[PDB]
Amino acid sequence: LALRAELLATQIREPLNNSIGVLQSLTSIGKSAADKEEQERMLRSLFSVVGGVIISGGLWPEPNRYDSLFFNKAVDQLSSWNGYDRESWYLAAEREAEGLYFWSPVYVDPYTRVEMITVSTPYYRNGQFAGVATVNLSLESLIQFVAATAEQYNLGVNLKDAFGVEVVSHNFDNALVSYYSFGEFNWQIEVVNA
């Protein structure tokens, strides 16, 4: 249960760290001093990754009016938002040190209509704040992945955000439990044998 929970956290940190990887690619594109055209070309490619936990995401430059490059995977570039400058995820990252990542709570996107978590980071150009990159992670994609991984280790699992919020619950009585906090983000798993 101990080592088995450690190997589960390892296998669950893969899509999360790869969410950071994509987000770092978004930041580089925002810092690239690129015209909107080429940017659309590259952002469609980056999201063209097959499957995964990411459902949508894009770039959100400082207003002044609005020029957000948002994309969703159903890939179709979205139109609305153009404001996003007053959105929780936007503000948490506005004019923050480049390289910091902010995980939002679980919420329902009004536009795309998906239960998700929004990780946000700022990108800079010429030592000036330029915008915010975001990556939206589908809760259903994260749930099926964690459920299939734990069940393959013959375990029940309860993963929680740093918010201590029940993100997923799978097969979780006199029983032993293992609490494993992992990652720069303060997520934890509660694991039993199933």
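The basis for the numbers below is simple: all heavy atoms, side chains too, and nothing from hydrogens, waters or symmetry mates. Numbers here are sequence positions counted from 1.
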Applying the 4.5 Å side-chain criterion to the ILVMFWY set and letting contacts propagate, would [X] and [Y] be lumped into a single cluster?
X: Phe172; Y: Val106; answer: no
X: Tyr153; Y: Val177; answer: no
X: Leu16; Y: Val168; answer: yes
X: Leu59; Y: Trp81; answer: no
X: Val191; Y: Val167; answer: yes

Side chain [X], main chain [Y], donor-acceptor under 3.5 Å:
X: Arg125; Y: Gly30; result: yes
X: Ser141; Y: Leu137; result: no
X: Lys73; Y: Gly51; result: yes
X: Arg44; Y: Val75; result: yes
X: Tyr111; Y: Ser80; result: yes
X: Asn18; Y: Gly21; result: no
X: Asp76; Y: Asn72; result: no
X: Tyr84; Y: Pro61; result: yes
X: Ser120; Y: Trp89; result: yes

Between [X] and [Y], is any pair of side-chain heavy atoms under 4.5 Å apart?
X: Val22; Y: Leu46; value: yes
X: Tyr107; Y: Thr118; value: yes
X: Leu43; Y: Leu26; value: yes

- Task: Search all heavy atoms of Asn158 against all heavy atoms of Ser169 and return the closest pair with its distance.
- Result: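 Smallest interatomic distance, heavy atoms only, reads OD1-OG, 2.9 Å.
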- Minimal non-hydrogen separation, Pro15 against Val53, with atom names: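 Taking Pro15 first and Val53 second, the nearest heavy atoms are O-CG1, 3.8 Å.
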- The single option from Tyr101, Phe163, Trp103, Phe102 passing ring pair (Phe, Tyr, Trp, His ring centres under 6.0 Å) against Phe185: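 Of all the options given, the one that passes is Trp103.
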Rounded to the nearest 0.5 Å, what separation is found between the [atom1] atom of [X] and the [atom2] atom of [Y]?
X: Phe47; Y: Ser25; atom1: CZ; atom2: OG; answer: 10.0 Å
X: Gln24; Y: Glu98; atom1: CD; atom2: CD; answer: 10.0 Å
X: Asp109; Y: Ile117; atom1: CG; atom2: CD1; answer: 12.0 Å

- Message: Surrounding CD of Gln144 (heavy atoms of other residues, nucleotides or ligands, distance under 6.0 Å), is the total greater than 12?
- Response: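 Not buried by this count: 12 neighbours or fewer within 6.0 Å.
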- Would you please test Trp187 and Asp161 for side chain to side chain donor-acceptor pair (under 3.5 Å) and show each step? CA-CA 5 Å; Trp187 294 33; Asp161 202 6; 2.6 Å; yes
- Query: When the ring centroid of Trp60 is compared with that of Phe70, is the distance short of 6.0 Å?
  - Reply: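 For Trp60 and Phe70, the ring centres are under 6.0 Å apart.
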- Could you check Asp67 against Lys36 for side chain to side chain contact (heavy atoms under 4.5 Å, CB included), going step by step and ending with a plain yes or no? CA-CA 9 Å; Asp67 213 344; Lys36 306 112 198 68; 4.0 Å; yes
